[PDB]
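A.B. asks: Pasting a structure here, questions to come.
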């Protein structure tokens, strides 16, 4: 997986095998994020989170 995300700096989009949402793994802290938080960069996500704009 090789994408740009305006996620908070602990970014890495993972996703469940059969269940339908992603989960955002932090590599540098043992933690994860579920939906776009206040520390996120929506501008750098609008180019990501939607295909048509």
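Residue numbers (my numbering): 97 to 149. From the three backbone atoms N, C-alpha and C, an ideal C-beta is built for every residue, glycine too.
How is residue 139 classed by DSSP in three states: helix, strand or coil?
C.D. replies: Looking at residue 139 - three-state DSSP - the assignment turns out to be helix.
A.B. asks: For residue 117, which option in 123, 131, 106 has the closest C-alpha, if you only look at C-alpha atoms?
C.D. replies: The residue with the shortest Cα to Cα distance from residue 117 is 131.
A.B. asks: For the putative contact between residue 138 and residue 102, defined by C-beta atoms under 8 angstroms, what is the C-beta separation to the nearest angstrom?
C.D. replies: So it is a contact: roughly 6 angstroms between Cβ atoms.
A.B. asks: DSSP state of residue 148, grouped into three classes?
C.D. replies: Coil.
A.B. asks: So, is residue 120 buried or exposed, given that buried needs 16 or more other C-beta atoms within 10 angstroms?
C.D. replies: Burial call: buried.
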